[PDB]
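Protein chains in written order, with PDB author numbering: chain A, 147 to 632, 638 to 687; chain B, 147 to 687. Note that CB positions come from ideal geometry on N, CA and C, so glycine has one too. Accompanying notes for the structure given below.
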Ligand SMILES: *[C@@H]1O[C@H](CO)[C@@H](O[C@@H]2O[C@H](CO)[C@@H](O[C@@H]3O[C@H](CO[C@H]4O[C@H](CO)[C@@H](O)[C@H](O)[C@@H]4O)[C@@H](O)[C@H](O[C@H]4O[C@H](CO)[C@@H](O)[C@H](O)[C@@H]4O)[C@@H]3O)[C@H](O)[C@H]2NC(C)=O)[C@H](O)[C@H]1NC(C)=O
Ligand SMILES: *[C@@H]1O[C@H](CO)[C@@H](O[C@@H]2O[C@H](CO)[C@@H](O[C@@H]3O[C@H](CO[C@H]4O[C@H](CO)[C@@H](O)[C@H](O)[C@@H]4O)[C@@H](O)[C@H](O)[C@@H]3O)[C@H](O)[C@H]2NC(C)=O)[C@H](O)[C@H]1NC(C)=O
Ligand SMILES: *[C@@H]1O[C@H](CO)[C@@H](O)[C@H](O)[C@H]1NC(C)=O
């Protein structure tokens, strides 16, 4: 079909090379590649782009970010960006993200916690509206007023505004928020992940599975489930289901997950694999279980969740509920850092987590294997401030790629700005023999190993200010030299890059203050020259 | 539908109320509107987006920005963003910019000074390539390697690479660079503005006009033409012309402007108006003429330029040639800040200039005549660093709008980032009576006066953390208030709506100065509102 990717393949999560004989790792360190960002920046000073939501299906992908105006305030939340696009081939091994349709919402009504679900050549956006024109001092739970938007690759834009009565709730909620993590569409049913407080308790038996707590009790568990904030109402998680084959306004149903399996109802992401027929469930830890809440969710009655222990990363938060905290405590704090599953049962994962323990700073890309971190790479710097992070991986031209959008603070004129990063995960599983024990394969074929292209290590001549200069271009740095000696003899680049590269790779920390000349009359001196129009 | 904007028309012509009885100004203060930026940001921490080029024709607009990689270095210049799009109507008075086709160049060859020119349903891009695999210590003319890219609204892409011999040069150049300011397409001919050093001097006296200089000499004028940095080669300006509808590779011709009219050859912008049939020419001042170099180019078989004196803004520069030197000195420095003409003969102009004297900081939007500044507004802060600025104005639904893309520094992860700003210029011409003596008109009708919509002055109830509270949203600030029952209806439980308390609360909120609303209890009717700052527990800010 048109307006759809082709070389895009879901990860073969059967890539579980377990057993002590085989060890999984990365062959080539991931490198951030430059491409036109599908997340357009803000143009009004003060208005910040935040809360990114990215979903990838087997046909198209969808993206959404909220533009909080009036100095990055959560009270002017009516301006959003909703886009549907597709990955594409541009004649190279680099997947090129393409935006085909975009729906820039600019109405006045405040829509918060806008999540996205990429479907079959279409996308659904779930937001909620808490603003109300009337007020009653008596107890009067306002309609959740959630809006479901519908954007197709053909430019079609539709939307429905629901009330509390139209939606089928199994239990009465006090407030309903969409999890900023992406929804998922399977078959004819779109499922979104929601979280909210219930008016009355249900099981009163919290998750109460302490990861590494020495002293804990059940009362602490069920007390943390109903924090002091939100009015001591149990924060539970639920699934919103509505069918795409419905005429006009879709019918909505809500199935609330039992509080015994969900530790704390908060934001989270739903991912589904056609290769596995499994819906992996990520749940952001906004309470005490700072260790990542990954699990495998089972559709259809009876709905079942299998939580998986992750002890390689964590989410920063305020004391006493920051990283390294393992005991149940009444607290609401944390950050959204999802973990994309790279195994059939979350055996291996790829994520962009905040390395700090308390302050939400230092974004770091990392591949984990539940026990440790297989590999790691800092996004920018250690002092970099960050916010929500989302990560989604795919396969393009028999190579595993990943796109990770992270909120970064500050910005050029705003407080936050979600920026995407495309990188290659050269997954390699090798034995004790030091050799690759197995080559990961898929339906399209065996995944290729190595870099998509050889590193650029060239040397050329460049004219600046009517003067020619030798240029050594290496992946670690580019240095210009000035030719300073001789119509009797002419020359070209010939083979001077490699002899210069050999000495330039060793004296790289010294920035090569000397230059080994040639036997001929030619010679060059290392000087830094710049254009006259931009001194910078 | 079609792939062009509707209800968009050019300005000028009617803006001729230059009579001393009538003064021209702005009615409503310009406000930056939020829209999805058609300048996509960078995704690599090392590569920085820079050198924006924006062109707007009578059908579509074109944009281009260069991604300098390897730590924002001007040596890794192979990535470029080329886009063609259109304005559109979304049921509002706001001009919504729409990007139709985008061509992300990612070759390895270094292309510097990439200029764009919009026209009909397509756009042309002119870049140069100074990289050469060959080299000669003796003086040899390098291949021009001019690359002309071609992008249509249907996604069609084409490109040509030229040679020093294929192009028709009236004089032998040593180096040729495209002016970052946008080109223009008239009829079937695409005109770009180029600048460069000549191998041999034409030996013509410079512009040699004195912007209020007590002492200047003829030789001082000729010194700036041939600076020491470029090897005493006269920096001249020329026009590259190539015709569309040509077979295969289009033929390129170069017409060098005489050094008598052009003071110093550097970057510049060409803008042509269908209503006026004139090509207004901006020239970036990179020498001593710190005053903005605006002029009116005519396409006559004899090339002719008439420069218009502007004494309202200037460009920051080094100590010998700053924004206040204005007298002939041998120097090469400055910044690109073009001025979009709002008059038939550059009578009024709109720009975003750097208000500082030396450092390229403090970007400031300003509308000027030929002597002073009509109105001014800083973009963000005074300490904001900036770079190149480009500005293009138009009409949408009988309203004067302007888009200004300026380089801002620093960025989120790069050194530079071009960001656009959309604002409305409420041009009003009136006399001392104080009543509007002139209503600006156009082909579609009289340009409407006033703000595009009434300012948002709303009040509403919002529930956060299961707690309802008042929210007063005004254009100056948004304040939440805790609702409390001041014995209303002789019962604690009550029902109140927005329209019953919003208008007087808005009146009281506008009177209270900043830092007073978040501490002042607002009591009205039978309800007490207490300014309390509360946010959701998900994200603390
Ligand atoms: C999750 O992923 C992490 C990634 O670090 C794994 O943690 C490491 O696991 C390894 C075992 O797989 C631990 O032991 C290390 O083994 C190396 C040798 O491994 C085999 O391979 C070589 C050939 O490739 C053979 O020569 C050798 O006999 C082994 O059969 C050693 O190299 C490591 O330590 C030494 O390395 C060099 C010398 O090569 C020395 O200079 C170093 O100083 C060092 O002494 C090491 O012994 C390793 O310790 C684990 N690291 C951590 C941080 O825990 C997890 O196992 C994995 N979890 C899973 C899969 O469940
Ligand atoms: C080129 O642009 C300049 C800026 O637009 C023009 O300057 C303006 O010229 C008019 C001519 O009438 C002056 O109008 C008079 O101004 C005074 C004062 O008005 C207010 O402004 C001053 C600012 O210093 C302030 O001190 C006062 O308190 C007032 O608030 C009135 O008394 C008169 O009635 C009359 O309107 C403008 O003042 C003047 N503006 C500035 C900033 O100098 C200039 O005329 C243009 N040139 C041409 C040839 O058109
Ligand atoms: C302003 O007032 C005068 C009073 O004589 C009047 O004649 C004129 O028409 C009015 N309007 C103008 C000058 O635009």
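Along chain A, which residues have their Cβ under 9 Å away from the Cβ of residue 432 (chain B)? 683 and 684
Delimiting residues of the beta strand (DSSP E) encompassing residue 576 (chain B): That run of the beta strand (DSSP E) goes 573-576.
Residue nearest to residue 547 (chain A) in terms of C-alpha spacing, selected from A:509, A:500, A:496 and A:583: A:496
DSSP three-state label for residue 412 (chain A), please. coil
For residue 590 (chain B), is the classification buried or exposed, using 16 other Cβ atoms within 10 angstroms of its Cβ as the cut-off for buried? exposed
Any heavy atom of ligand 2 closer than 7 Å to the CB of residue 175 (chain B)? no
I'd like to check one pair, residue 603 (chain B) with residue 668 (chain B): are the Cβ atoms closer than 8 Å? Cβ atoms of residue 668 (chain B) and residue 603 (chain B): not closer than 8 Å.
Whole angstroms is fine: what's the gap from residue 299 (chain B)'s alpha carbon to residue 262 (chain B)'s? Cα-Cα distance, rounded: 15 Å.
Closer than 9 Å, Cβ to any Cβ of chain B: which residues of the region 452-479 of chain A, in chain order? 464, 478 and 479
Under 7 Å: does the beta carbon of residue 523 (chain A) sit that close to some heavy atom of ligand 1? Not under cutoff, so the answer is no.
I need the straight-line Cα distance from residue 346 (chain B) to residue 606 (chain A), nearest angstrom please. Residue 346 (chain B) and residue 606 (chain A) have their C-alpha atoms spaced approximately 28 Å apart.
With a CB to CB cut of under 6 Å and the five nearest residues on each side skipped, what residues in its chain are close to residue 376 (chain A)? 343
Starting from the C-beta of residue 452 (chain A), find all residues in its chain whose C-beta is less than 7 Å away, skip the five residues before and the five after it, and write them out in chain order. 441 and 442
Cβ-heavy atom distance between residue 501 (chain B) and ligand 2 below 7 Å? no
Delimiting residues of the alpha helix (DSSP H) encompassing residue 364 (chain A): 364-371
Among residues of its own chain, excluding the 5 on either side of residue 608 (chain A), which ones have a beta-carbon nearer than 6 Å to its beta-carbon? Counting only Cβ-Cβ distances below 6 Å, and skipping sequence neighbours, we find 615 and 617.
For the structure I just gave you, are there three or more beta carbon pairs, one from the region 158-172 of chain A and one from the region 218-226 of chain A, closer than 8 Å? no
Nearest neighbour of residue 167 (chain A), chosen from A:580, A:421 and A:197 [CA to CA]: A:580
Would you list, in chain order, the members of the region 167-185 of chain A that have their beta-carbon closer than 8 Å to a beta-carbon of chain B? 178, 179, 180, 181, 182, 183, 184 and 185
Which residues neighbour ligand 1 when neighbourhood means a C-beta less than 6 Å away from any of its non-hydrogen atoms? List them by chain order. A:169, A:515, A:517, A:518, A:520, A:578 and A:580
Bridge partner(s) assigned by DSSP for residue 383 (chain B): According to DSSP, which records beta bridges pairwise, residue 383 (chain B) is partnered with B:341.
Which bits of chain B does residue 372 (chain A) rub up against, with CB to CB less than 8 Å? Those within 8 Å of residue 372 (chain A) in chain B number zero; the least Cβ separation is about 12 Å.
Taking the continuous beta strand (DSSP E) assigned at residue 376 (chain A), which residues delimit it? Where residue 376 (chain A) is concerned, there is no enclosing beta strand (DSSP E), given that its DSSP letter is neither H nor E.
Just to confirm before moving on: does the CB-CB distance between residue 437 (chain B) and residue 357 (chain B) stay below 8 Å? Yes, they are a contact pair.
Beta carbon proximity, residue 603 (chain B) to chain A, threshold 8 Å: no
Using the C-alpha atoms, what's the distance from residue 213 (chain A) back to residue 283 (chain A)? Going by the C-alpha atoms only, they are around 31 Å apart.
Quick one: which unbroken alpha helix (DSSP H) runs of 4-plus residues sit fully inside the region 175-260 of chain B? Chain order, please. As for any alpha helix (DSSP H) of minimum length 4 sitting wholly inside the region 175-260 of chain B, the runs are 215-218, ordered along the chain.
Inter-residue Cα distance where the pair is residue 520 (chain A) and residue 514 (chain A): 5 Å
Could you run through the region 588-600 of chain B and flag, in chain order, every residue whose CB is less than 9 Å away from some CB of chain A? none
Amino acids of chain B, ordered along the chain, whose beta-carbon sits closer than 9 Å to that of residue 284 (chain A): 638, 639, 640 and 641
Do we get a CB-CB distance below 8 Å when we pair residue 414 (chain A) with the residues of chain B? no
Can you pull the chain A neighbours of residue 294 (chain B), defined as C-beta to C-beta under 7 Å? None at all; the shortest Cβ gap to chain A is about 20 Å.
What's the C-alpha gap between residue 359 (chain B) and residue 474 (chain B)? Looking at the two C-alpha atoms, the distance is approximately 9 Å.
Alpha carbon to alpha carbon, how far is residue 638 (chain B) from residue 245 (chain B)? 55 Å
Per the DSSP calculation, residue 648 (chain B) is bridged to which residue(s)? Note: residue 648 (chain B) sits in no beta bridge, so no partner.
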